[PDB]
Amino acid sequence: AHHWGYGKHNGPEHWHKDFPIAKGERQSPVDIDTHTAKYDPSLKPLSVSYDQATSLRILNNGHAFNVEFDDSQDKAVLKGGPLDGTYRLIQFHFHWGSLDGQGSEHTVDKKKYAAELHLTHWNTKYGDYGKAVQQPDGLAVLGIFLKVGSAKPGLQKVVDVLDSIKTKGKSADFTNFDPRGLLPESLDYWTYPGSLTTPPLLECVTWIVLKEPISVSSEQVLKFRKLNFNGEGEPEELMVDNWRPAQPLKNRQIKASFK
Ligand SMILES: NS(=O)(=O)c1nc2ccccc2s1
Ligand SMILES: NS(=O)(=O)c1nc2ccccc2s1
Ligand SMILES: [Zn+2]
């Protein structure tokens, strides 16, 4: 069974042994070289339609925590931008560091942010998520950088429930959470074709990475770092540095929605 992680013996540099696509042609994350990314006037504004989002549950899955949504019909969806069709929000999660100077998966001119939020959506033309991940245009992940400064008010409900899901396999009710409270002001973005950043590392993602980071407080991110990778009663391994480093860009272009 799966025994990959972010530890000293099963981290990203080992993943290729069980998931050979780890060395593939469209792996994520990547460094976004802002001077090489080209403005594409053909890109549209993103349409983030989360007014009818139905959050359900929050789960510590042993590598991050997922806030899960009802994706049994079109409620919270992502459209426009580089996308054709409609992508349904299934979950969001974060990647973060042991200290503020690392944690993001994507980097910007080699800068690492303290954390990165991933809002994961699947293309409804494929009927279910499991079918969508088998397709090159199956998923759209909206990535948002976190820097440490002022608190993010809309994040606080998330951080206050974390004490109740400290260890792997724990979950809690998490209804009526509004993910619009996690967005920055601007929806300017970069986009490129990539992959899932944890196993199975499938090359099924259109990445949309917002240029504007959100600000969270030191106290908020410190609470992320109190989570555990381990299960209940097991030796404590703090859930920190659950990020994959930048992968080779290979034959890919990163496009900018903005001049
Ligand atoms: N999936 S993996 O990163 O290749 C992996 N690494 C390790 C290390 C020790 C025991 C089992 C596994 S499975
Ligand atoms: N970190 S991510 O690319 O957004 C992502 N990776 C995976 C892997 C397995 C299942 C869901 C997701 S969502
Ligand atoms: Zn992620």
# chains A, B, ... in the order shown; residues from 1 in each chain; ligands from 1
call {"tool": "residues_around", "arguments": {"residues": "residue A:176", "least_positions_apart": "3", "cutoff": "12 Å", "atoms": "only C-alpha atoms", "output": "list in words"}}
result
residues 50, 51, 52, 53, 54, 55, 56, 57, 58, 67, 68, 69, 70, 157, 158, 173, 179 and 180 of chain A
call {"tool": "closest_atom_pairs", "arguments": {"of": "chain A", "to": "ligand 1", "cutoff": "9 Å", "atoms": "only C-alpha atoms and all ligand atoms", "output": "Markdown table"}}
result
| residue | atom | partner | partner_atom_place_in_ligand_line | distance |
| --- | --- | --- | --- | --- |
| A:1 | CA | ligand 1 | 13 (S) | 8.0 |
| A:2 | CA | ligand 1 | 1 (N) | 6.0 |
| A:3 | CA | ligand 1 | 13 (S) | 4.2 |
| A:4 | CA | ligand 1 | 3 (O) | 3.8 |
| A:5 | CA | ligand 1 | 3 (O) | 6.4 |
| A:6 | CA | ligand 1 | 3 (O) | 8.6 |
| A:9 | CA | ligand 1 | 8 (C) | 5.6 |
| A:10 | CA | ligand 1 | 6 (N) | 4.0 |
| A:11 | CA | ligand 1 | 3 (O) | 5.8 |
| A:12 | CA | ligand 1 | 3 (O) | 6.5 |
| A:13 | CA | ligand 1 | 3 (O) | 7.4 |
| A:14 | CA | ligand 1 | 3 (O) | 4.3 |
| A:15 | CA | ligand 1 | 3 (O) | 3.5 |
| A:16 | CA | ligand 1 | 4 (O) | 5.8 |
| A:17 | CA | ligand 1 | 4 (O) | 4.5 |
| A:18 | CA | ligand 1 | 4 (O) | 4.4 |
| A:19 | CA | ligand 1 | 1 (N) | 6.8 |
| A:20 | CA | ligand 1 | 4 (O) | 9.0 |
| A:199 | CA | ligand 1 | 1 (N) | 7.8 |
call {"tool": "write_last_selection", "arguments": {"atoms": "N, CA, C and O atoms", "output": "PDB file, in the first residue's frame"}}
result
ATOM      1  N   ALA A   1       0.824  -1.208   0.000  1.00  0.00           N
ATOM      2  CA  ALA A   1       0.000   0.000   0.000  1.00  0.00           C
ATOM      3  C   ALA A   1       0.861   1.262   0.000  1.00  0.00           C
ATOM      4  O   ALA A   1       2.089   1.194   0.071  1.00  0.00           O
ATOM      5  N   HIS A   2       0.210   2.417  -0.079  1.00  0.00           N
ATOM      6  CA  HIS A   2       0.926   3.692  -0.139  1.00  0.00           C
ATOM      7  C   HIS A   2       1.741   3.921   1.128  1.00  0.00           C
ATOM      8  O   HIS A   2       1.209   3.819   2.237  1.00  0.00           O
ATOM      9  N   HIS A   3       3.032   4.211   0.955  1.00  0.00           N
ATOM     10  CA  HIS A   3       3.922   4.535   2.081  1.00  0.00           C
ATOM     11  C   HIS A   3       4.857   5.693   1.760  1.00  0.00           C
ATOM     12  O   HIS A   3       5.908   5.866   2.359  1.00  0.00           O
ATOM     13  N   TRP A   4       4.442   6.501   0.808  1.00  0.00           N
ATOM     14  CA  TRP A   4       5.122   7.741   0.482  1.00  0.00           C
ATOM     15  C   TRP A   4       4.753   8.800   1.508  1.00  0.00           C
ATOM     16  O   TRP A   4       3.715   8.719   2.174  1.00  0.00           O
ATOM     17  N   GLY A   5       5.601   9.803   1.623  1.00  0.00           N
ATOM     18  CA  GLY A   5       5.319  10.916   2.519  1.00  0.00           C
ATOM     19  C   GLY A   5       6.264  12.068   2.253  1.00  0.00           C
ATOM     20  O   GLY A   5       6.640  12.318   1.104  1.00  0.00           O
ATOM     21  N   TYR A   6       6.628  12.768   3.327  1.00  0.00           N
ATOM     22  CA  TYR A   6       7.518  13.923   3.290  1.00  0.00           C
ATOM     23  C   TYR A   6       8.577  13.798   4.387  1.00  0.00           C
ATOM     24  O   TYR A   6       9.125  14.796   4.885  1.00  0.00           O
ATOM     25  N   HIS A   9      12.908   9.570   4.618  1.00  0.00           N
ATOM     26  CA  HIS A   9      13.131   8.323   3.879  1.00  0.00           C
ATOM     27  C   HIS A   9      12.048   7.990   2.850  1.00  0.00           C
ATOM     28  O   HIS A   9      12.178   7.013   2.126  1.00  0.00           O
ATOM     29  N   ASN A  10      11.003   8.802   2.758  1.00  0.00           N
ATOM     30  CA  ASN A  10       9.917   8.516   1.835  1.00  0.00           C
ATOM     31  C   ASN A  10       9.410   9.765   1.133  1.00  0.00           C
ATOM     32  O   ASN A  10       8.294   9.772   0.614  1.00  0.00           O
ATOM     33  N   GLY A  11      10.246  10.802   1.107  1.00  0.00           N
ATOM     34  CA  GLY A  11       9.880  12.088   0.546  1.00  0.00           C
ATOM     35  C   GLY A  11       9.897  12.132  -0.970  1.00  0.00           C
ATOM     36  O   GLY A  11      10.132  11.111  -1.630  1.00  0.00           O
ATOM     37  N   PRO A  12       9.651  13.321  -1.527  1.00  0.00           N
ATOM     38  CA  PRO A  12       9.500  13.496  -2.973  1.00  0.00           C
ATOM     39  C   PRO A  12      10.599  12.868  -3.822  1.00  0.00           C
ATOM     40  O   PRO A  12      10.287  12.430  -4.928  1.00  0.00           O
ATOM     41  N   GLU A  13      11.832  12.806  -3.337  1.00  0.00           N
ATOM     42  CA  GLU A  13      12.902  12.259  -4.131  1.00  0.00           C
ATOM     43  C   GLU A  13      12.809  10.724  -4.250  1.00  0.00           C
ATOM     44  O   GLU A  13      13.507  10.116  -5.062  1.00  0.00           O
ATOM     45  N   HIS A  14      11.922  10.107  -3.467  1.00  0.00           N
ATOM     46  CA  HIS A  14      11.723   8.656  -3.528  1.00  0.00           C
ATOM     47  C   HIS A  14      10.495   8.238  -4.317  1.00  0.00           C
ATOM     48  O   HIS A  14      10.363   7.072  -4.677  1.00  0.00           O
ATOM     49  N   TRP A  15       9.590   9.174  -4.563  1.00  0.00           N
ATOM     50  CA  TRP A  15       8.281   8.831  -5.101  1.00  0.00           C
ATOM     51  C   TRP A  15       8.342   8.093  -6.438  1.00  0.00           C
ATOM     52  O   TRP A  15       7.500   7.238  -6.704  1.00  0.00           O
ATOM     53  N   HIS A  16       9.342   8.409  -7.259  1.00  0.00           N
ATOM     54  CA  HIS A  16       9.455   7.809  -8.592  1.00  0.00           C
ATOM     55  C   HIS A  16       9.539   6.283  -8.543  1.00  0.00           C
ATOM     56  O   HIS A  16       9.175   5.621  -9.507  1.00  0.00           O
ATOM     57  N   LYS A  17      10.023   5.721  -7.438  1.00  0.00           N
ATOM     58  CA  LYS A  17      10.174   4.268  -7.359  1.00  0.00           C
ATOM     59  C   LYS A  17       8.837   3.521  -7.381  1.00  0.00           C
ATOM     60  O   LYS A  17       8.768   2.384  -7.846  1.00  0.00           O
ATOM     61  N   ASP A  18       7.784   4.149  -6.878  1.00  0.00           N
ATOM     62  CA  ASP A  18       6.450   3.558  -6.939  1.00  0.00           C
ATOM     63  C   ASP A  18       5.517   4.266  -7.898  1.00  0.00           C
ATOM     64  O   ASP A  18       4.489   3.701  -8.270  1.00  0.00           O
ATOM     65  N   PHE A  19       5.874   5.484  -8.305  1.00  0.00           N
ATOM     66  CA  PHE A  19       5.063   6.302  -9.212  1.00  0.00           C
ATOM     67  C   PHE A  19       6.001   6.856 -10.278  1.00  0.00           C
ATOM     68  O   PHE A  19       6.439   8.009 -10.204  1.00  0.00           O
ATOM     69  N   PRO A  20       6.338   6.034 -11.277  1.00  0.00           N
ATOM     70  CA  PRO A  20       7.370   6.456 -12.234  1.00  0.00           C
ATOM     71  C   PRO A  20       7.033   7.718 -13.030  1.00  0.00           C
ATOM     72  O   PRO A  20       7.940   8.352 -13.553  1.00  0.00           O
ATOM     73  N   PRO A 199       1.299  11.673  -4.998  1.00  0.00           N
ATOM     74  CA  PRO A 199       0.918  10.429  -5.674  1.00  0.00           C
ATOM     75  C   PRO A 199      -0.603  10.330  -5.748  1.00  0.00           C
ATOM     76  O   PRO A 199      -1.282  10.623  -4.764  1.00  0.00           O
TER      77      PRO A 199
END
call {"tool": "select_by_dssp", "arguments": {"residues": "stretch 108-255 of chain A", "states": "strand (DSSP E)", "output": "number ranges by chain"}}
result
A: 108, 115-123, 139-148, 171-173, 189-194, 205-210, 214-216, 255
call {"tool": "closest_atom_pairs", "arguments": {"of": "stretch 128-198 of chain A", "to": "stretch 23-34 of chain A", "cutoff": "10 Å", "atoms": "only C-alpha atoms", "output": "CSV"}}
result
residue,atom,partner,partner_atom,distance
A:190,CA,A:32,CA,8.2
A:191,CA,A:32,CA,9.6
A:192,CA,A:26,CA,9.3
A:193,CA,A:26,CA,6.7
A:194,CA,A:26,CA,4.8
A:195,CA,A:27,CA,5.0
A:196,CA,A:28,CA,6.5
A:197,CA,A:28,CA,5.6
A:198,CA,A:28,CA,9.1
call {"tool": "residues_near_ligand", "arguments": {"ligand": "ligand 2", "cutoff": "9 Å", "atoms": "only C-alpha atoms and all ligand atoms", "output": "compact mmCIF listing (two decimals) with N, CA, C and O atoms, in the first residue's frame"}}
result
# COMPACT_ATOMS: atom_id res chain seq x y z
N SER A 28 4.17 18.74 -11.76
CA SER A 28 3.98 19.93 -10.96
C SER A 28 4.49 19.70 -9.55
O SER A 28 4.56 18.56 -9.10
N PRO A 29 4.82 20.77 -8.82
CA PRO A 29 4.78 22.18 -9.23
C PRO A 29 5.97 22.56 -10.08
O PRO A 29 6.83 21.71 -10.38
N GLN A 91 -12.58 19.62 -3.27
CA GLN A 91 -11.93 19.84 -1.98
C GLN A 91 -10.92 20.96 -2.11
O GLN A 91 -10.48 21.28 -3.22
N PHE A 92 -10.56 21.55 -0.97
CA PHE A 92 -9.34 22.33 -0.89
C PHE A 92 -8.45 21.83 0.23
O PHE A 92 -8.90 21.21 1.20
N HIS A 93 -7.17 22.13 0.09
CA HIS A 93 -6.16 21.80 1.08
C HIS A 93 -5.01 22.78 0.91
O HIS A 93 -4.99 23.57 -0.03
N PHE A 94 -4.04 22.69 1.81
CA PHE A 94 -2.87 23.54 1.79
C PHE A 94 -1.60 22.68 1.86
O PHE A 94 -1.63 21.52 2.26
N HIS A 95 -0.50 23.31 1.46
CA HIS A 95 0.84 22.82 1.70
C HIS A 95 1.57 23.94 2.43
O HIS A 95 1.38 25.12 2.12
N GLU A 105 4.46 25.17 -3.05
CA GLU A 105 4.87 24.21 -4.06
C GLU A 105 5.36 24.96 -5.29
O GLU A 105 6.51 24.81 -5.70
N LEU A 117 -2.47 27.31 -1.03
CA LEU A 117 -3.83 26.77 -1.03
C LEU A 117 -4.14 26.24 -2.42
O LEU A 117 -3.90 26.90 -3.42
N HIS A 118 -4.67 25.02 -2.46
CA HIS A 118 -5.13 24.37 -3.68
C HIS A 118 -6.61 24.08 -3.61
O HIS A 118 -7.05 23.29 -2.78
N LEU A 119 -7.38 24.75 -4.46
CA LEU A 119 -8.79 24.46 -4.64
C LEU A 119 -8.92 23.55 -5.87
O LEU A 119 -8.58 23.95 -6.97
N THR A 120 -9.33 22.31 -5.63
CA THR A 120 -9.28 21.24 -6.61
C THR A 120 -10.66 21.05 -7.23
O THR A 120 -11.65 20.89 -6.50
N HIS A 121 -10.72 21.03 -8.56
CA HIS A 121 -11.97 20.95 -9.30
C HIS A 121 -11.84 19.91 -10.42
O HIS A 121 -10.78 19.78 -11.03
N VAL A 133 -9.52 12.20 -13.61
CA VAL A 133 -8.07 12.19 -13.40
C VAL A 133 -7.31 11.36 -14.42
O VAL A 133 -6.09 11.43 -14.49
N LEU A 139 -8.76 17.91 -14.53
CA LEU A 139 -8.81 18.72 -13.32
C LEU A 139 -8.35 20.13 -13.60
O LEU A 139 -7.56 20.39 -14.49
N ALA A 140 -8.83 21.04 -12.76
CA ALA A 140 -8.33 22.40 -12.68
C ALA A 140 -8.06 22.68 -11.22
O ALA A 140 -8.95 22.53 -10.39
N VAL A 141 -6.83 23.07 -10.91
CA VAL A 141 -6.47 23.40 -9.54
C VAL A 141 -6.12 24.88 -9.51
O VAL A 141 -5.28 25.35 -10.30
N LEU A 142 -6.83 25.60 -8.65
CA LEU A 142 -6.61 27.01 -8.41
C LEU A 142 -5.67 27.12 -7.22
O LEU A 142 -6.01 26.68 -6.10
N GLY A 143 -4.49 27.65 -7.48
CA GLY A 143 -3.45 27.77 -6.47
C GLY A 143 -3.31 29.20 -6.01
O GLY A 143 -3.30 30.13 -6.82
N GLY A 194 -0.10 20.70 -16.07
CA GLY A 194 0.71 19.97 -15.12
C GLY A 194 0.04 18.74 -14.55
O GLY A 194 -0.73 18.04 -15.24
N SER A 195 0.35 18.48 -13.28
CA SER A 195 0.01 17.24 -12.64
C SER A 195 -0.48 17.45 -11.22
O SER A 195 -0.36 18.52 -10.64
N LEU A 196 -1.01 16.38 -10.66
CA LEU A 196 -1.17 16.31 -9.21
C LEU A 196 0.21 16.39 -8.58
O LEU A 196 1.18 15.83 -9.12
N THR A 197 0.31 17.00 -7.41
CA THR A 197 1.60 17.16 -6.73
C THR A 197 1.85 16.13 -5.62
O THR A 197 2.91 16.15 -5.01
N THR A 198 0.87 15.25 -5.38
CA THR A 198 1.10 14.07 -4.56
C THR A 198 0.75 12.83 -5.38
O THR A 198 -0.02 12.92 -6.34
N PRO A 199 1.30 11.67 -5.00
CA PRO A 199 0.92 10.43 -5.67
C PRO A 199 -0.60 10.33 -5.75
O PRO A 199 -1.28 10.62 -4.76
N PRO A 200 -1.15 9.92 -6.90
CA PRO A 200 -0.46 9.28 -8.02
C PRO A 200 0.20 10.19 -9.06
O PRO A 200 0.65 9.68 -10.08
N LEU A 201 0.27 11.50 -8.83
CA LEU A 201 1.06 12.40 -9.68
C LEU A 201 0.56 12.44 -11.14
O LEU A 201 1.31 12.74 -12.07
N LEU A 202 -0.73 12.19 -11.32
CA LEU A 202 -1.30 12.07 -12.65
C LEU A 202 -1.25 13.39 -13.40
O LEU A 202 -1.46 14.46 -12.83
N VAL A 205 -3.92 17.94 -14.87
CA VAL A 205 -4.28 19.23 -14.27
C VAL A 205 -3.98 20.41 -15.17
O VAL A 205 -2.86 20.55 -15.67
N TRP A 207 -3.28 23.98 -14.32
CA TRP A 207 -2.95 24.81 -13.17
C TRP A 207 -3.29 26.25 -13.44
O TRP A 207 -2.97 26.78 -14.50
N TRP A 243 5.26 19.81 1.15
CA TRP A 243 5.30 20.38 -0.18
C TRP A 243 6.30 19.62 -1.05
O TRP A 243 7.35 19.21 -0.58
N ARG A 244 5.94 19.47 -2.32
CA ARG A 244 6.85 18.93 -3.32
C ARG A 244 7.63 20.09 -3.95
O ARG A 244 7.04 21.13 -4.27
call {"tool": "select_by_dssp", "arguments": {"residues": "stretch 120-164 of chain A", "states": "helix (DSSP H, G or I)", "output": "ChimeraX atom specification"}}
result
/A:124-126,129-132,153-164
call {"tool": "atom_distance", "arguments": {"atom1": "atom CA of residue A:209", "atom2": "atom CA of residue A:187"}}
result
9.2 Å
call {"tool": "residues_around", "arguments": {"residues": "residue A:125", "least_positions_apart": "4", "cutoff": "12 Å", "atoms": "only C-alpha atoms", "output": "MDAnalysis selection string"}}
result
chainID A and resid 74 84:88 129 131:133 135 137:139
call {"tool": "closest_residue", "arguments": {"among": "A:226, A:255, A:38, A:106", "to": "ligand 3", "atoms": "only C-alpha atoms and all ligand atoms"}}
result
A:106
call {"tool": "closest_residue", "arguments": {"among": "A:104, A:230, A:220, A:123", "to": "ligand 3", "atoms": "only C-alpha atoms and all ligand atoms"}}
result
A:104
call {"tool": "closest_residue", "arguments": {"among": "A:62, A:45, A:130, A:103", "to": "residue A:146", "atoms": "only C-alpha atoms"}}
result
A:103
call {"tool": "closest_residue", "arguments": {"among": "A:242, A:253, A:124, A:247", "to": "ligand 3", "atoms": "only C-alpha atoms and all ligand atoms"}}
result
A:242
call {"tool": "residues_around", "arguments": {"residues": "residue A:72", "least_positions_apart": "5", "cutoff": "10 Å", "atoms": "only C-alpha atoms", "output": "MDAnalysis selection string"}}
result
chainID A and resid 88 90 127:128
call {"tool": "closest_residue", "arguments": {"among": "A:185, A:245, A:111, A:219", "to": "ligand 3", "atoms": "only C-alpha atoms and all ligand atoms"}}
result
A:245
call {"tool": "closest_residue", "arguments": {"among": "A:150, A:40, A:134, A:145", "to": "ligand 3", "atoms": "only C-alpha atoms and all ligand atoms"}}
result
A:145
call {"tool": "decode", "arguments": {"residues": "stretch 18-124 of chain A", "atoms": "C-alpha atoms", "output": "PDB file, in the first residue's frame"}}
result
ATOM      1  CA  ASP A  18       6.450   3.558  -6.939  1.00  0.00           C
ATOM      2  CA  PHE A  19       5.063   6.302  -9.212  1.00  0.00           C
ATOM      3  CA  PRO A  20       7.370   6.456 -12.234  1.00  0.00           C
ATOM      4  CA  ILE A  21       5.350   9.320 -13.755  1.00  0.00           C
ATOM      5  CA  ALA A  22       7.167  11.405 -11.106  1.00  0.00           C
ATOM      6  CA  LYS A  23       9.860  11.840 -13.805  1.00  0.00           C
ATOM      7  CA  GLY A  24       7.328  12.655 -16.513  1.00  0.00           C
ATOM      8  CA  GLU A  25       6.966  15.462 -19.012  1.00  0.00           C
ATOM      9  CA  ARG A  26       4.275  17.529 -17.281  1.00  0.00           C
ATOM     10  CA  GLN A  27       4.952  17.340 -13.558  1.00  0.00           C
ATOM     11  CA  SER A  28       3.978  19.934 -10.962  1.00  0.00           C
ATOM     12  CA  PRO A  29       4.777  22.176  -9.229  1.00  0.00           C
ATOM     13  CA  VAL A  30       7.113  24.394 -11.236  1.00  0.00           C
ATOM     14  CA  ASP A  31       8.974  27.644 -10.780  1.00  0.00           C
ATOM     15  CA  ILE A  32       7.157  30.534 -12.461  1.00  0.00           C
ATOM     16  CA  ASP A  33       9.732  32.729 -14.077  1.00  0.00           C
ATOM     17  CA  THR A  34       7.820  35.989 -14.277  1.00  0.00           C
ATOM     18  CA  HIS A  35      10.012  37.384 -17.047  1.00  0.00           C
ATOM     19  CA  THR A  36       9.553  34.333 -19.280  1.00  0.00           C
ATOM     20  CA  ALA A  37       5.794  33.906 -18.762  1.00  0.00           C
ATOM     21  CA  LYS A  38       3.987  35.518 -21.657  1.00  0.00           C
ATOM     22  CA  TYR A  39       0.894  37.607 -21.518  1.00  0.00           C
ATOM     23  CA  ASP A  40      -1.786  35.842 -23.516  1.00  0.00           C
ATOM     24  CA  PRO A  41      -4.542  38.282 -24.546  1.00  0.00           C
ATOM     25  CA  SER A  42      -6.629  35.285 -25.630  1.00  0.00           C
ATOM     26  CA  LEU A  43      -7.076  34.166 -22.004  1.00  0.00           C
ATOM     27  CA  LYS A  44     -10.335  35.046 -20.364  1.00  0.00           C
ATOM     28  CA  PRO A  45     -11.095  36.289 -16.872  1.00  0.00           C
ATOM     29  CA  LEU A  46     -11.562  33.459 -14.454  1.00  0.00           C
ATOM     30  CA  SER A  47     -15.106  32.741 -13.343  1.00  0.00           C
ATOM     31  CA  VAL A  48     -15.043  31.543  -9.742  1.00  0.00           C
ATOM     32  CA  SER A  49     -18.664  30.748  -8.846  1.00  0.00           C
ATOM     33  CA  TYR A  50     -18.770  29.697  -5.206  1.00  0.00           C
ATOM     34  CA  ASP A  51     -21.976  31.376  -4.058  1.00  0.00           C
ATOM     35  CA  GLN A  52     -23.733  27.984  -3.673  1.00  0.00           C
ATOM     36  CA  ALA A  53     -20.792  26.035  -2.249  1.00  0.00           C
ATOM     37  CA  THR A  54     -21.656  23.280   0.235  1.00  0.00           C
ATOM     38  CA  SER A  55     -18.750  22.306   2.445  1.00  0.00           C
ATOM     39  CA  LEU A  56     -19.293  19.051   4.336  1.00  0.00           C
ATOM     40  CA  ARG A  57     -16.305  17.769   6.261  1.00  0.00           C
ATOM     41  CA  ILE A  58     -12.658  18.318   7.095  1.00  0.00           C
ATOM     42  CA  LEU A  59     -10.278  15.335   7.079  1.00  0.00           C
ATOM     43  CA  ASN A  60      -6.656  14.846   8.163  1.00  0.00           C
ATOM     44  CA  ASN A  61      -5.509  12.349   5.521  1.00  0.00           C
ATOM     45  CA  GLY A  62      -1.958  11.982   6.837  1.00  0.00           C
ATOM     46  CA  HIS A  63      -0.382  14.368   4.332  1.00  0.00           C
ATOM     47  CA  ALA A  64      -2.560  17.482   4.645  1.00  0.00           C
ATOM     48  CA  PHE A  65      -6.131  18.322   5.637  1.00  0.00           C
ATOM     49  CA  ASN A  66      -8.906  18.422   3.056  1.00  0.00           C
ATOM     50  CA  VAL A  67     -12.037  20.532   3.323  1.00  0.00           C
ATOM     51  CA  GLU A  68     -14.496  18.503   1.292  1.00  0.00           C
ATOM     52  CA  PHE A  69     -17.493  19.783  -0.693  1.00  0.00           C
ATOM     53  CA  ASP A  70     -20.688  18.330  -2.054  1.00  0.00           C
ATOM     54  CA  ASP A  71     -19.751  17.768  -5.698  1.00  0.00           C
ATOM     55  CA  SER A  72     -22.837  15.650  -6.534  1.00  0.00           C
ATOM     56  CA  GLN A  73     -24.133  18.507  -8.688  1.00  0.00           C
ATOM     57  CA  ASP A  74     -22.943  21.866 -10.004  1.00  0.00           C
ATOM     58  CA  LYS A  75     -22.786  24.241  -7.094  1.00  0.00           C
ATOM     59  CA  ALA A  76     -19.282  25.599  -6.582  1.00  0.00           C
ATOM     60  CA  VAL A  77     -17.627  25.677 -10.006  1.00  0.00           C
ATOM     61  CA  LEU A  78     -14.673  27.138 -11.831  1.00  0.00           C
ATOM     62  CA  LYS A  79     -15.000  28.183 -15.469  1.00  0.00           C
ATOM     63  CA  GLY A  80     -13.409  30.563 -17.933  1.00  0.00           C
ATOM     64  CA  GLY A  81      -9.778  31.511 -17.842  1.00  0.00           C
ATOM     65  CA  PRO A  82      -7.907  28.846 -19.824  1.00  0.00           C
ATOM     66  CA  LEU A  83     -10.709  26.318 -19.279  1.00  0.00           C
ATOM     67  CA  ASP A  84     -13.325  24.801 -21.542  1.00  0.00           C
ATOM     68  CA  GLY A  85     -16.434  23.664 -19.760  1.00  0.00           C
ATOM     69  CA  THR A  86     -17.280  23.410 -16.136  1.00  0.00           C
ATOM     70  CA  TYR A  87     -15.142  22.201 -13.249  1.00  0.00           C
ATOM     71  CA  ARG A  88     -16.721  21.290  -9.901  1.00  0.00           C
ATOM     72  CA  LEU A  89     -15.022  22.035  -6.592  1.00  0.00           C
ATOM     73  CA  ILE A  90     -14.350  18.775  -4.733  1.00  0.00           C
ATOM     74  CA  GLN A  91     -11.927  19.843  -1.979  1.00  0.00           C
ATOM     75  CA  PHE A  92      -9.343  22.328  -0.894  1.00  0.00           C
ATOM     76  CA  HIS A  93      -6.162  21.799   1.080  1.00  0.00           C
ATOM     77  CA  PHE A  94      -2.866  23.540   1.785  1.00  0.00           C
ATOM     78  CA  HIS A  95       0.841  22.825   1.697  1.00  0.00           C
ATOM     79  CA  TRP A  96       3.055  24.604   4.234  1.00  0.00           C
ATOM     80  CA  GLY A  97       6.466  24.749   5.824  1.00  0.00           C
ATOM     81  CA  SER A  98       8.187  24.345   9.156  1.00  0.00           C
ATOM     82  CA  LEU A  99       9.080  28.078   9.042  1.00  0.00           C
ATOM     83  CA  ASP A 100       7.714  30.995   6.998  1.00  0.00           C
ATOM     84  CA  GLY A 101      10.494  30.892   4.374  1.00  0.00           C
ATOM     85  CA  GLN A 102       9.237  27.716   2.715  1.00  0.00           C
ATOM     86  CA  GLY A 103       5.982  25.849   2.241  1.00  0.00           C
ATOM     87  CA  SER A 104       4.664  26.680  -1.196  1.00  0.00           C
ATOM     88  CA  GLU A 105       4.865  24.209  -4.055  1.00  0.00           C
ATOM     89  CA  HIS A 106       4.974  26.688  -6.905  1.00  0.00           C
ATOM     90  CA  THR A 107       7.645  29.345  -6.639  1.00  0.00           C
ATOM     91  CA  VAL A 108       7.806  32.770  -8.252  1.00  0.00           C
ATOM     92  CA  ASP A 109      11.280  33.706  -9.527  1.00  0.00           C
ATOM     93  CA  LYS A 110      12.477  31.040  -7.071  1.00  0.00           C
ATOM     94  CA  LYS A 111      10.685  32.698  -4.127  1.00  0.00           C
ATOM     95  CA  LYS A 112       8.962  30.254  -1.797  1.00  0.00           C
ATOM     96  CA  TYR A 113       5.871  31.432   0.030  1.00  0.00           C
ATOM     97  CA  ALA A 114       4.913  30.276   3.541  1.00  0.00           C
ATOM     98  CA  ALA A 115       2.112  28.111   2.187  1.00  0.00           C
ATOM     99  CA  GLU A 116      -0.066  27.405  -0.838  1.00  0.00           C
ATOM    100  CA  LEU A 117      -3.826  26.769  -1.027  1.00  0.00           C
ATOM    101  CA  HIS A 118      -5.127  24.371  -3.677  1.00  0.00           C
ATOM    102  CA  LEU A 119      -8.794  24.456  -4.641  1.00  0.00           C
ATOM    103  CA  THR A 120      -9.284  21.244  -6.607  1.00  0.00           C
ATOM    104  CA  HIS A 121     -11.974  20.948  -9.298  1.00  0.00           C
ATOM    105  CA  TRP A 122     -12.907  18.198 -11.778  1.00  0.00           C
ATOM    106  CA  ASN A 123     -14.255  18.488 -15.312  1.00  0.00           C
ATOM    107  CA  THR A 124     -17.895  17.497 -15.343  1.00  0.00           C
TER     108      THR A 124
END
